[PDB]
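Structure record follows, encoded as structure tokens.
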Amino acid sequence: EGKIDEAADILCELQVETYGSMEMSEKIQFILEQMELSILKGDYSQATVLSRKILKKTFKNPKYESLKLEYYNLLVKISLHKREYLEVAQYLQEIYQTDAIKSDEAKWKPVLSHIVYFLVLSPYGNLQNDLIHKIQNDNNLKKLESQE
Amino acid sequence: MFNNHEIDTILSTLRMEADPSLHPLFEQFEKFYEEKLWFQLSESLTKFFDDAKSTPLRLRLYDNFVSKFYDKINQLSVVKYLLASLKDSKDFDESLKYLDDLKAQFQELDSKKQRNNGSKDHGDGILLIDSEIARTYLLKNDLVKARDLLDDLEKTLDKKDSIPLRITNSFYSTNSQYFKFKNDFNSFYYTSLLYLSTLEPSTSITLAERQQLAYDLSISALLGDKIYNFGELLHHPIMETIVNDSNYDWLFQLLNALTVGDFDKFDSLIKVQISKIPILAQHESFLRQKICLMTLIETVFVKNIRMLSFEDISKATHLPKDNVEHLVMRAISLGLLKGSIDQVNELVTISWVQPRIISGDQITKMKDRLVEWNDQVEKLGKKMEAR
């Protein structure tokens with residue numbers, strides 16, 4: 001119907017009223033949808049503050065797959081408005097090891113094509129120095145070798 | 001002939017009264033197969049002098065001995081030449097029966113022990129499985145699936161230990177063709193170095209391996225760069241004992257070509273066959289520029305001179321000074337010189353970390369300067385003996 005600004009304010013403090021500390025799984029779908037409302041609204045800094053208390057606690061729990069494959073997809077869209085290529089490389093980290101353990105190389109290789117492509121966009125780093133030599137990037141596409 | 005039956009009878013009779021492993025119907029079949037002196041199969045110590053002939057498809061009868069087999073030679077000696085004689089067979093079905101169907105925990109972890117190995121003396125073929133998977137699929141799969149076979153291998157190499165270093169030969173033989181299918185041979189050169197050091201022990205000390213190894217060492221050292229250029233050719237002259245021509249004679253001229261650095265000697269080095277690779281055009285200027293630099297580094301260093309200029313460097317390589325500045329930097333990243341070349345001053349600053357082995361011309365003056373010049377400190381320190 002064309003309502004935007006009033007959409008994010010409905011799901012903001014309503015998810016806390018139901019389960020504050022109780023059930024995070026039911027809270028997952030609300031934070032993800034509200035962060036998408038800020039993307040369509042055009043404010044990248046809004047959705048950044050909306051996700052705080054969840055933190056990395058999902059990583060301290062057994063891997064649920066597609067959960068971790070969602071947050072990092074919407075966090076890159078936030079950095080798209082800011083055009084910051086440093087934070088995008090950090091959001092591609094946990095999913096880099098996820099598709100290399102659980103999933104196969106079908107979806108692992110095309111994501112890596114943009115992982116090392118964004119590393120040239122930053123003045124190296126403490127973590128990027130260990131991102132130089134990789135065992136699995138020496139095969140398949142030659143452009144992956146060219147970027148390596 | 002009868003050498004199979006006569007020799008096996010002596011060693012078996014002195015141990016067993018009747019042959020435990022050989023079935024009385026199979027006893028006459030031992031000398032019944034071929035007309036030659038040595039057949040395609042044997043047992044105990046007689047098997048040590050026996051090897052593959054043409055197509056040893058009779059190994060199934062040798063595998064048929066299980067129950068009473070260990071009463072002559074230990075039960076773990078079955079897989080010794082089983083997969084060694086089939087190396088030239090090149091069959092997928094016969095390989096899966098001796099690798100996947102062999103599995104593990106058969107009889108060996110119950111009433112006996114396990115030394116792994118299995119291709120010498122007596123050992124279990126479980127370690128032999130992971131070693132021969134990369135060789136069977138070497139000519140089958142491509143550079144994609146070839147990496148997964150190395151993961152279950154390299155990790156197994158660090159998980160378990162083996163006294164003979166021959167297990168790396170099968171590891172280096174797989175990486176030899178794995179690197180040959182690629183472009184850059186730098187990794188192929190380092191692979192053949194540790195492969196030659198493992199040639200001294202058993203498992204084919206014959207000169208048939210040096211024929212195919214000389215072809216690998218010629219191409220690896222040509223497009224590869226590790227230590228010097230031709231310096232590793234005179235350390236192990238194994239090529240002088242095999243065919244001189246047919247790509248083996250290129251190292252003959254390359255020995256004296258890099259010391260000279262004349263373009264006329266390069267025509268006899270590279271030919272139409274090797275010129276179809278674009279990698280050769282890149283390393284053609286890499287070999288000459290480095291060997292001319294190694295001489296200048298030995299020339300620039302006498303006493304107080306650590307610094308070169310753009311004169312002798314550009315005239316020796318016959319290249320414009322603009323590219324030479326950035327062409328040495330490709331060799332600088334290899335760990336040769338840490339210096340920083342200037343521009344306006346036209347002076348090459350050299351920080352020399354290079355080991356530069358093959359000494360003995362310097363040691364006459366070099367070692368004496370560590371004594372006589374050090375004796376000056378001893379003479380001046382005798383006046384400090386007051387307290």
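Residues are named by chain letter and number: chains run A, B, ... in the order of the structure tokens, numbers start at 1 in each chain, and ligands are numbered from 1 in the order shown.
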**Message:** So that I can see what lies close to stretch 102-109 of chain A, please list as a count of residues only the residues with an atom at most 10 Å from it, counting only C-alpha atoms and leaving out residues fewer than 5 positions away in the same chain.
**Reply:** 12
Sort by chain and increasing residue number a table of all residues of chain B within 10 Å of chain A, each with its closest pair of atoms and their distance in Å to one decimal, counting only C-alpha atoms, and write it as a tab-separated table.
residue	atom	partner	partner_atom	distance
B:142	CA	A:140	CA	9.9
B:143	CA	A:139	CA	6.6
B:144	CA	A:140	CA	6.0
B:145	CA	A:139	CA	9.5
B:146	CA	A:139	CA	9.5
B:147	CA	A:136	CA	8.0
B:148	CA	A:136	CA	9.5
B:151	CA	A:135	CA	9.9
B:182	CA	A:139	CA	9.9
Output file for the residues above (N, CA and C atoms, as a compact mmCIF listing (two decimals), in the first residue's frame):
# COMPACT_ATOMS: atom_id res chain seq x y z
N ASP B 142 40.86 -34.84 -13.12
CA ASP B 142 41.52 -33.61 -13.52
C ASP B 142 41.99 -32.87 -12.27
N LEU B 143 42.49 -31.64 -12.48
CA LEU B 143 43.03 -30.84 -11.39
C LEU B 143 42.00 -30.53 -10.31
N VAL B 144 40.71 -30.74 -10.57
CA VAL B 144 39.69 -30.49 -9.57
C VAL B 144 39.67 -31.61 -8.53
N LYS B 145 39.33 -32.83 -8.97
CA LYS B 145 39.25 -33.96 -8.05
C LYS B 145 40.62 -34.39 -7.54
N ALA B 146 41.71 -33.96 -8.18
CA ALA B 146 43.04 -34.36 -7.74
C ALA B 146 43.42 -33.75 -6.40
N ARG B 147 42.76 -32.68 -5.98
CA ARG B 147 43.08 -32.06 -4.70
C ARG B 147 42.49 -32.85 -3.54
N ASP B 148 41.29 -33.41 -3.72
CA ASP B 148 40.67 -34.18 -2.65
C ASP B 148 41.44 -35.46 -2.34
N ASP B 151 44.23 -34.65 0.06
CA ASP B 151 43.85 -34.31 1.42
C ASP B 151 43.89 -35.54 2.33
N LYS B 182 49.74 -28.42 -15.00
CA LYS B 182 49.61 -26.99 -14.75
C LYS B 182 50.59 -26.22 -15.63
**Asked** What is the atom CA of residue B:355-atom CA of residue B:227 distance in Å, reported with one decimal?
**Response**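 Between atom CA of residue B:355 and atom CA of residue B:227 the gap is 9.6 Å.
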**Minimum-distance residue to residue B:228, chosen among B:356, B:23, B:155, B:210 (using only C-alpha atoms)** =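 For residue B:228, the nearest of the candidates is B:356.
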**Message:** Which of stretch 202-383 of chain B end up as strand (DSSP E) when DSSP is run on this backbone - answer as an MDAnalysis selection string?
**Reply:** chainID B and resid 308:309 347:348
Write out as a PDB file with N, CA and C atoms, in the first residue's frame which residues come within 12 Å of residue A:53 when counting only C-alpha atoms, dropping same-chain ones fewer than 3 positions away.
ATOM      1  N   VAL A  16      10.457  -7.581  21.921  1.00  0.00           N
ATOM      2  CA  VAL A  16      10.946  -7.677  23.292  1.00  0.00           C
ATOM      3  C   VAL A  16       9.801  -7.982  24.249  1.00  0.00           C
ATOM      4  N   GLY A  20      11.699 -11.630  25.818  1.00  0.00           N
ATOM      5  CA  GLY A  20      12.917 -10.849  25.885  1.00  0.00           C
ATOM      6  C   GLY A  20      14.173 -11.694  25.895  1.00  0.00           C
ATOM      7  N   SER A  21      14.320 -12.517  26.932  1.00  0.00           N
ATOM      8  CA  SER A  21      15.430 -13.451  27.067  1.00  0.00           C
ATOM      9  C   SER A  21      15.061 -14.895  26.744  1.00  0.00           C
ATOM     10  N   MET A  24      15.055 -17.115  21.309  1.00  0.00           N
ATOM     11  CA  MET A  24      15.686 -16.333  20.254  1.00  0.00           C
ATOM     12  C   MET A  24      15.223 -16.756  18.867  1.00  0.00           C
ATOM     13  N   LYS A  27      12.539 -14.799  17.690  1.00  0.00           N
ATOM     14  CA  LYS A  27      13.016 -13.434  17.520  1.00  0.00           C
ATOM     15  C   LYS A  27      13.865 -13.270  16.265  1.00  0.00           C
ATOM     16  N   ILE A  28      14.372 -14.372  15.705  1.00  0.00           N
ATOM     17  CA  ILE A  28      15.220 -14.295  14.516  1.00  0.00           C
ATOM     18  C   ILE A  28      14.449 -13.692  13.348  1.00  0.00           C
ATOM     19  N   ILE A  31      13.873  -9.721  13.643  1.00  0.00           N
ATOM     20  CA  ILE A  31      15.018  -8.849  13.406  1.00  0.00           C
ATOM     21  C   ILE A  31      15.376  -8.834  11.926  1.00  0.00           C
ATOM     22  N   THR A  48      21.540  -1.225  11.643  1.00  0.00           N
ATOM     23  CA  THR A  48      22.764  -1.618  12.333  1.00  0.00           C
ATOM     24  C   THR A  48      22.554  -1.677  13.842  1.00  0.00           C
ATOM     25  N   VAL A  49      21.844  -0.696  14.399  1.00  0.00           N
ATOM     26  CA  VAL A  49      21.616  -0.665  15.838  1.00  0.00           C
ATOM     27  C   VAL A  49      20.529  -1.659  16.242  1.00  0.00           C
ATOM     28  N   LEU A  50      19.628  -2.006  15.318  1.00  0.00           N
ATOM     29  CA  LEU A  50      18.502  -2.872  15.660  1.00  0.00           C
ATOM     30  C   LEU A  50      18.956  -4.254  16.112  1.00  0.00           C
ATOM     31  N   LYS A  56      27.196 -12.797  18.735  1.00  0.00           N
ATOM     32  CA  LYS A  56      27.709 -14.034  18.164  1.00  0.00           C
ATOM     33  C   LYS A  56      27.164 -15.278  18.855  1.00  0.00           C
ATOM     34  N   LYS A  57      26.211 -15.117  19.780  1.00  0.00           N
ATOM     35  CA  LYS A  57      25.719 -16.240  20.577  1.00  0.00           C
ATOM     36  C   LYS A  57      25.256 -17.411  19.717  1.00  0.00           C
ATOM     37  N   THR A  58      24.831 -17.146  18.479  1.00  0.00           N
ATOM     38  CA  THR A  58      24.477 -18.235  17.574  1.00  0.00           C
ATOM     39  C   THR A  58      25.686 -19.116  17.280  1.00  0.00           C
TER      40      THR A  58
END
**Request:** Apply DSSP to the structure's backbone, then extract all residues of stretch 40-73 of chain A labelled alpha helix (DSSP H) and return them as an MDAnalysis selection string.
**Result:** chainID A and resid 40:41 44:50 68:73
Okay, now the selection with N, CA and C atoms, as a PDB file, in the first residue's frame?
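Output below, filename result-v5.pdb:
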ATOM      1  N   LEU A  40      14.760  -0.975   2.483  1.00  0.00           N
ATOM      2  CA  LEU A  40      13.799  -0.373   1.568  1.00  0.00           C
ATOM      3  C   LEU A  40      13.512   1.077   1.933  1.00  0.00           C
ATOM      4  N   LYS A  41      13.649   1.431   3.212  1.00  0.00           N
ATOM      5  CA  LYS A  41      13.459   2.817   3.625  1.00  0.00           C
ATOM      6  C   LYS A  41      14.592   3.709   3.131  1.00  0.00           C
ATOM      7  N   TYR A  44      20.687   3.001   6.168  1.00  0.00           N
ATOM      8  CA  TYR A  44      21.548   1.876   6.515  1.00  0.00           C
ATOM      9  C   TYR A  44      21.917   1.870   7.993  1.00  0.00           C
ATOM     10  N   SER A  45      22.042   3.047   8.610  1.00  0.00           N
ATOM     11  CA  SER A  45      22.432   3.118  10.013  1.00  0.00           C
ATOM     12  C   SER A  45      21.316   2.679  10.952  1.00  0.00           C
ATOM     13  N   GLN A  46      20.077   2.601  10.462  1.00  0.00           N
ATOM     14  CA  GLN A  46      18.968   2.190  11.317  1.00  0.00           C
ATOM     15  C   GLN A  46      19.061   0.708  11.665  1.00  0.00           C
ATOM     16  N   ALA A  47      19.213  -0.149  10.651  1.00  0.00           N
ATOM     17  CA  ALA A  47      19.234  -1.589  10.882  1.00  0.00           C
ATOM     18  C   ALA A  47      20.490  -2.050  11.608  1.00  0.00           C
ATOM     19  N   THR A  48      21.540  -1.225  11.643  1.00  0.00           N
ATOM     20  CA  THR A  48      22.764  -1.618  12.333  1.00  0.00           C
ATOM     21  C   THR A  48      22.554  -1.677  13.842  1.00  0.00           C
ATOM     22  N   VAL A  49      21.844  -0.696  14.399  1.00  0.00           N
ATOM     23  CA  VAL A  49      21.616  -0.665  15.838  1.00  0.00           C
ATOM     24  C   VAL A  49      20.529  -1.659  16.242  1.00  0.00           C
ATOM     25  N   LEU A  50      19.628  -2.006  15.318  1.00  0.00           N
ATOM     26  CA  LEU A  50      18.502  -2.872  15.660  1.00  0.00           C
ATOM     27  C   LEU A  50      18.956  -4.254  16.112  1.00  0.00           C
ATOM     28  N   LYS A  68      22.784 -18.548   9.915  1.00  0.00           N
ATOM     29  CA  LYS A  68      23.984 -17.758   9.659  1.00  0.00           C
ATOM     30  C   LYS A  68      24.119 -17.348   8.197  1.00  0.00           C
ATOM     31  N   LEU A  69      23.415 -18.019   7.286  1.00  0.00           N
ATOM     32  CA  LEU A  69      23.452 -17.672   5.872  1.00  0.00           C
ATOM     33  C   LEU A  69      22.522 -16.516   5.522  1.00  0.00           C
ATOM     34  N   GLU A  70      21.790 -15.981   6.498  1.00  0.00           N
ATOM     35  CA  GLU A  70      20.851 -14.886   6.277  1.00  0.00           C
ATOM     36  C   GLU A  70      21.414 -13.550   6.750  1.00  0.00           C
ATOM     37  N   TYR A  71      21.743 -13.446   8.042  1.00  0.00           N
ATOM     38  CA  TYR A  71      22.236 -12.195   8.618  1.00  0.00           C
ATOM     39  C   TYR A  71      23.329 -11.569   7.760  1.00  0.00           C
ATOM     40  N   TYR A  72      24.337 -12.361   7.386  1.00  0.00           N
ATOM     41  CA  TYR A  72      25.459 -11.829   6.623  1.00  0.00           C
ATOM     42  C   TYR A  72      25.062 -11.395   5.219  1.00  0.00           C
ATOM     43  N   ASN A  73      23.902 -11.833   4.726  1.00  0.00           N
ATOM     44  CA  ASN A  73      23.426 -11.357   3.432  1.00  0.00           C
ATOM     45  C   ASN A  73      22.828  -9.960   3.542  1.00  0.00           C
TER      46      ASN A  73
END
**Near-residue B:76 list (10 Å; only C-alpha atoms; drop same-chain fewer than 2 positions) as number ranges by chain** = B: 69-70, 73-74, 78-80, 108, 112-125
Residues from the last selection, C-alpha atoms, saved as a compact mmCIF listing (two decimals), in the first residue's frame:
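Now in selection.txt:
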# COMPACT_ATOMS: atom_id res chain seq x y z
CA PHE B 69 49.67 -68.98 3.62
CA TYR B 70 51.44 -67.66 6.72
CA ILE B 73 56.17 -66.38 4.66
CA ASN B 74 54.22 -64.08 6.97
CA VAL B 78 50.72 -60.82 0.00
CA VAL B 79 50.41 -57.12 -0.89
CA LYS B 80 54.16 -56.68 -1.46
CA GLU B 108 45.15 -58.29 11.09
CA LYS B 112 48.22 -60.34 14.78
CA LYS B 113 49.78 -56.87 14.74
CA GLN B 114 49.93 -54.23 12.00
CA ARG B 115 53.08 -52.52 10.72
CA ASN B 116 51.15 -50.75 7.90
CA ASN B 117 53.46 -50.38 4.85
CA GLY B 118 52.96 -53.69 3.03
CA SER B 119 55.17 -53.31 -0.06
CA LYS B 120 58.30 -54.69 1.64
CA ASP B 121 58.90 -57.63 4.01
CA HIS B 122 55.45 -58.12 5.64
CA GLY B 123 52.96 -55.33 6.25
CA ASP B 124 49.27 -54.58 5.99
CA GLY B 125 47.90 -52.87 2.89
**All residues 10 Å or closer to residue B:92, only C-alpha atoms, same chain fewer than 2 positions away omitted, as JSON, numbers by chain** = {"B": [89, 90, 94, 95, 96, 97, 136, 137, 140]}
**Asked** Near stretch 279-291 of chain B, counting only C-alpha atoms, which residues have an atom at most 7 Å away, once you skip same-chain residues fewer than 4 positions from it, shown as a ChimeraX atom specification?
**Response** /B:223,229,258,261,275,295,317
Restrict the calculation to only C-alpha atoms, then for each residue of stretch 77-141 of chain B with any atom at most 8 Å from an atom of stretch 52-66 of chain B give the closest atom pair and their distance in Å to one decimal, rows by chain and rising residue number, as CSV.
residue,atom,partner,partner_atom,distance
B:78,CA,B:63,CA,7.0
B:82,CA,B:59,CA,6.8
B:84,CA,B:52,CA,7.9
B:85,CA,B:52,CA,4.8
B:86,CA,B:56,CA,6.9
B:88,CA,B:55,CA,7.7
B:89,CA,B:55,CA,6.3
**Prompt:** Separation of atom CA of residue B:135 and atom CA of residue B:195, in Å?
**Reply:**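 Going from atom CA of residue B:135 over to atom CA of residue B:195, I get 15.9 Å.
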**Message:** I'd like the contact shell of residue B:260 - 10 Å cut-off, only C-alpha atoms, skipping same-chain residues fewer than 2 positions apart - returned as a PyMOL selection string.
**Reply:** chain B and resi 254-258+262-263+265+288+291-292+316
**Request:** In Å, rounded to a single decimal, give me how far atom CA of residue A:9 is from atom CA of residue A:34.
**Result:**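 If I compute the distance from atom CA of residue A:34 to atom CA of residue A:9, I get 8.7 Å.
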**Request:** Measuring atom to atom with only C-alpha atoms, identify which of A:86, A:66, A:118, A:3 is nearest to residue A:99.
**Result:**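 Checking each candidate against residue A:99, we get A:66 as the closest.
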